[PDB]
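Here the structure is laid out as C-alpha cells; the discussion comes afterwards.
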Amino acid sequence: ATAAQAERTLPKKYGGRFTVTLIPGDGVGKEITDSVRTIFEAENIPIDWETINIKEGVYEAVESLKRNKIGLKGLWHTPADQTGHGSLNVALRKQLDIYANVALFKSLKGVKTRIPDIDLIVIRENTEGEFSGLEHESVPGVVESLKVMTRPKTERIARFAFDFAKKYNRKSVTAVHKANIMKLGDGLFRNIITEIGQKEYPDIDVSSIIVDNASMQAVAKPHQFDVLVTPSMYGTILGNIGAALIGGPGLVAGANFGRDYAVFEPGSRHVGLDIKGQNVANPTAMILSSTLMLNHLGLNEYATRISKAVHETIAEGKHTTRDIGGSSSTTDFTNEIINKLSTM
Amino acid sequence: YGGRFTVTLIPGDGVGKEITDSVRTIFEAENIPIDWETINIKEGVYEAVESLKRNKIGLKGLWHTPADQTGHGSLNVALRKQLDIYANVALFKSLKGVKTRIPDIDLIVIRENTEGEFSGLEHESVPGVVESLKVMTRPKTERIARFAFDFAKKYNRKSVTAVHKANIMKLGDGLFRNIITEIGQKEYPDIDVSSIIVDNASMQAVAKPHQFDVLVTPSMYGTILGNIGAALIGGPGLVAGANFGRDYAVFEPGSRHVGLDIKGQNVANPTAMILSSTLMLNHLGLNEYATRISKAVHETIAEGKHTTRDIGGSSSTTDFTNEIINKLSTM
Amino acid sequence: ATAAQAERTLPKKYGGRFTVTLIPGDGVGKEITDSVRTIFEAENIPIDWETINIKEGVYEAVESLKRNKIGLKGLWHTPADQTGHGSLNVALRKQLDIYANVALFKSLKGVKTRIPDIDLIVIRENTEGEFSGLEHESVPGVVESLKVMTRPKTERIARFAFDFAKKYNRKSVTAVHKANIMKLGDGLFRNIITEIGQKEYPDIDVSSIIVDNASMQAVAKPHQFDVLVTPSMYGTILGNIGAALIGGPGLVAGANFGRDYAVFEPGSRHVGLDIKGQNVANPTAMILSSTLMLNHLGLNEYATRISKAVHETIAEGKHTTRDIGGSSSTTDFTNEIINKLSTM
C-alpha cells in the first residue's frame with residue numbers, strides 16, 4: 001500500500017526546489033549553459049543544478065538523470081576516426097530510453113531569413129533506425145550497416161507525435177520515409193504512423209512524404225508542413241534544413257522525452273567547437289529549450305517570462321549576438337535579457 | 001534582485017515570541033524583501049497548515065505539548081504530518097566564542113518526522129495494559145533515505161550512518177537499516193554508508209562525536225541523538241534546523257525546546273532562530289543576505305561579551321540582536 | 001520485440017491440450033475429484049491433469065499453478081489445535097493472490113428446499129480482512145487478532161464484483177459490512193464499494209447491508225439479494241446460509257480468481273472428513289465448478305453440455321445421491337451423468 005509516497009518517479013524536489021541535471025558538454029556548450037545559469041539565479045528560479053563533467057563517465061550522466069529525472073544539456077563532440085568512442089549523445093538517450101526528440105523551428109522577429117513566418121516541428125525517434133549502430137565487415141572492403149525498425153519502438157513514437165500535436169494544437173502530422181525503396185523498414189514506419197493516426201487521433205491530418213521530396217519542399221515551400229515524424233536519420237536532415245530556414249542552430253529549442261525522464265538540449269545539435277571560449281556564441285537555443293524545461297517541471301510563469309525577454313531582446317535590433325547580425329558577445333546578450341527581465 | 005516574497009511566521013509558545021522578533025528586527029534592518037504572514041492559535045493548527053500551503057515556506061518556533069491525558073497532542077507533529085514535511089535536519093556545529101567540553105564538532109542529524117514512534121497509534125486492551133504501535137513503511141523510509149543521501153551529496157558530506165535498534169526490533173528497525181544501506185550502495189555509491197545501534201550510538205556521540213558525519217534516524221532516536229548534539233555544542237540556543245517535504249519547507253530551531261520558564265524575560269538566546277532563519281534565506285535563493293547575517297552572529301558570539309546569558313554572557317536577547325544589526329551595518 | 005510468441009501468461013496448452021492442476025485434497029476430496037476425471041475422459045475433453053498430493057508442499061501446489069495458471073481442487077483440512085499448521089487453503093490463495101472468491105447459490109430442479117427458485121451470488125475477498133492471520137498475546141490470557149483492510153485490495157475486489165455483475169447481467173450489488181461498529185475497517189470497505197459503483201458501473205444498483213441484518217434477510221427473504229460483496233468472514237457466513245438455502249454444500253459451484261491465475265473449487269467449502277472413502281458423497285459441487293473452469297478456458301461446448309447432464313440427472317428423481325434425497329452412491333450418480341451424456 002504505496003501511492004502518495006511513491007512520488008520517487010518524479011523530478012528530484014525538496015521544499016519546492018528541484019534538482020536538475022546540468023551537462024554543459026563540449027564546444028560552446030560550457031558558455032551557452034552558463035548563460036542560462038546566470039538568467040536563472042538573476043530570476044531566482046528555485047532550481048539547483050547537479051552538474052557533471054566527463055570518456056565513459058557517460059555513466060555518471062545517466063546515473064544522475066536517473067535520480068533527478070530531469071536534465072539540461074549541450075552537445076558532446078564525436079570522433080569520425082575508427083578508434084573513436086561513439087556518439088555518447090545517443091548513448092545517453094539509448095540508456096535512458098529517451099526515445100523522442102522534439103525540435104522547434106519557429107522564426108524570430110528580429111532575424112533576417114529568406115522565407116519568413118515559419119513554424120514547423122520535427123519529431124524524430126532517437127534509439128533506433130540508422131542510429132542502431134549495428135555494423136560489420138564481412139570480408140575486407142565490404143561493410144554492412146544494419147538498420148533496425150521495430151513495431152513497438154515505432155508505435156511509441158507515432159503516439160508521442162500525435163499526443164504532442166494534440167496537446168499543442170497542431171493540425172497536421174506527416175511521416176517522412178523512403179518506403180518506396182526500403183519497403184520493409186521505412187514501410188513499417190509509414191504504415192504504423194498513418195495506421196494509428198486513423199483509428200486513434202482521427203481529428204489530426206495524417207500524411208506521408210518521401211524523404212528526398214520532403215527535403216525539397218522544406219527548402220522551397222516550408223509553410224506546407226506542420227509536424228514531421230521521422231526515423232533517426234531523416235530527422236537530422238530535415239532538422240538542419242529547418243535550422244537554416246529560421247536563422248541558424250543558435251535559435252532552435254529542443255527537448256528529448258522518455259517515459260520516465262526528460263532531457264532538454266538545443267534543437268539543432270551543433271557543438272561549435274571552433275568558437276569555444278571566444279564568447280561569441282549565441283545562447284538563444286540553450287535558453288529557449290531551457291524555458292521548455294521550466295514549462296515541463298511546471299514553473300512556466302518564469303518560462304513565459306524569460307522567453308518574452310529573449311524574444312524581445314533579439315527583435316530589438318542591436319545588442320544581439322554575432323550570428324544573427326549583431327556585434328554583441330554571449331556575455332552582453334545574456335545581460336540584456338537579465339536587464340529586460342528586471343523590469344517586467 | 002526584484003520582487004517580494006510572503007513567508008509564514010509561527011512564533012509559537014515559550015521564548016518563541018521573542019526569538020522570532022529578533023529575526024524580524026534583523027530582517028527589516030537589513031531590508032530583506034520578505035513579508036511575514038504571521039499566525040497565532042487550539043485546533044487552528046489548521047490555519048498554520050492552510051497558510052503554509054499558500055506560501056510554501058515558513059519560519060517557526062516550537063509549540064508547547066501537554067503530558068496530561070486530556071491534553072491535545074503535539075501539533076508540532078500535526079503541522080508536519082499534515083504537510084508531509086517528512087524530513088528534519090538539525091545542524092550541530094560548534095561556534096567559536098563558546099566553551100564546550102569537546103571542541104571543533106560538526107555533525108548533522110536527519111530524522112523522519114511522520115512515522116516511527118511518532119505515528120501516535122496506541123490503545124488500552126484491558127485496564128492497565130497499553131500498546132503503542134510503531135509503524136515503519138518502505139515508501140516513507142525510501143524517501144528519507146534518499147533525502148539524507150541527496151543532502152549529504154549536496155553539502156559534500158562523506159559519511160551517512162543509519163541509527164537503529166534492529167537487533168531487537170528485527171522487522172521495524174530492521175527494515176529501516178536495510179532500506180538505507182541498501183539504497184546507499186546501488187545509488188549514492190560515492191558516500192560511505194554504515195549502521196549503528198542507537199544505544200551504542202548514544203555512547204559514542206557523548207564520548208567521541210568526531211567519528212560521526214551525518215546520522216539518519218527514525219522519529220525517536222533523532223530526538224535523542226539530537227539532544228546529545230545540542231548539548232555537545234553549547235545548548236539548544238545554538239542549533240539551526242529545518243523541515244522538508246516535497247512541496248513545502250518549514251524552518252525551526254534544530255534543538256526543539258520551548259523555553260516556557262523564561263518567557264517574556266528577554267533573557268533568551270536567538271542564535272538558534274536566526275541561524276535557521278539564514279537557512280531559509282539560502283533556500284528561497286537570497287543567501288547574499290544569509291551569508292551576510294550569519295557572519296554577523298557568528299562573529300558577534302565569538303567576540304566575547306555582549307553575548308547572551310546561556311553562552312556565558314550577560315546581555316539580553318534585545319542587546320544581542322542589536323550587536324548583530326550593528327556589526328551588520330558596517331559590511 | 002514482444003507480443004505473439006510471448007504469451008507465457010495464458011493457460012498451459014500444447015497442440016490443443018490444456019494442462020490443468022488437480023488438487024484432490026482431504027476428505028471426500030479424492031472421490032469428488034475422480035467423479036470429474038471420469039466424466040472428463042468419458043467426454044474425451046482435451047485436458048491433461050497435473051495432479052499433486054501433500055505438510056508444507058503447499059509449495060508444490062503453488063509452483064504447479066504458476067506453470068499451468070489453472071487448477072481444479074477440493075478442500076484441505078484445517079486443525080483447530082494450537083500447534084496445527086494453518087489453513088493452507090488460504091495459503092494457496094494468498095501466495096497466488098487469487099483474491100476473489102465466487103460462490104454460486106442457484107437452486108436445482110429436483111431438490112426439495114424450504115424456499116425455492118433462488119439465485120444469488122456471494123463474492124468475497126480472500127487475502128485480507130479477518131483472514132489476514134495477524135494475532136498476538138500481549139500478556140497471558142489477553143489476545144489480539146488484527147484485522148487488516150486496505151484501499152488497494154478493496155478497490156480491486158470492488159471492481160471484480162461489478163465487472164462480474166456486468167459480465168453475467170446481474171442488476172444488483174450489495175456490500176455486506178459492520179461499518180456501524182468498526183467504522184474504519186468495514187467503513188472503508190463499504191465506502192470504496194459504493195463509491196466506485198457510482199462513478200464507474202453506474203448501470204448497476206449498489207447498496208449496503210449490515211452483516212447481521214443481512215444474515216437475517218438471507219434466511220427469511222433471500223430473493224431480495226442478487227450479488228453480495230463481502231470481506232473474508234462475512235462471506236463464510238453468508239456463504240453457508242446460501243449453501244443451506246439451496247440444498248447443501250454438495251450443490252454449490254465455486255471459483256477463485258487472481259489477475260494471472262484461476263483456481264476452481266466447491267463454492268461451499270466443506271471437507272466431508274466423516275464420509276471419506278464411503279462413496280456416499282455428492283459430486284454435483286465439484287462437477288459444476290468444473291464446468292465453470294471449462295467455460296473459463298474457452299471449451300464450454302463441453303461445459304454447456306455436461307452441466308445439462310447433471311442438472312437433468314438430479315431433477316430426474318431417483319438415481320440421485322444420498323444428501324439430495326436419493327439412495328445412489330457417488331459412483332452411480334457419476335455414471336448416470338456419463339450415461340445421459342452419451343445420448344446428447
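Residue positions begin at 1 at the first shown residue.
Cβ atoms are placed via backbone N, Cα and C, with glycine included.
Per Swiss-Prot, substrate binding site is recorded for B:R80, B:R111, B:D199, and the stated evidence type is similarity to another entry. Residues or ranges marked as site 'Critical for catalysis' in Swiss-Prot: B:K165. What Swiss-Prot lists as Mg(2+) binding site is B:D199.
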Maximal Cα-Cα distance (Å) across residues annotated as binding substrate, namely B:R80, B:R111, B:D199: 27
B:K165 (site 'Critical for catalysis') and B:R80 (substrate binding site), distance between Cα atoms, whole Å: 24
Cβ neighbour count within 10 Å of B:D199 (substrate binding site): 13
Nonlocal residues around B:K165 (site 'Critical for catalysis'), in sequence order (Cβ under 8 Å, 6 or more apart): B:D173, B:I197, B:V198, B:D199, B:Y221
Among B:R80, B:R111, the one of these binding-site residues whose Cβ has the fewest neighbouring Cβ atoms within 10 Å: B:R80
Coarse DSSP state, helix versus strand versus coil, of B:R111 (substrate binding site): strand
Assigned conformation of B:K165 (site 'Critical for catalysis') - DSSP reduced to three states: coil
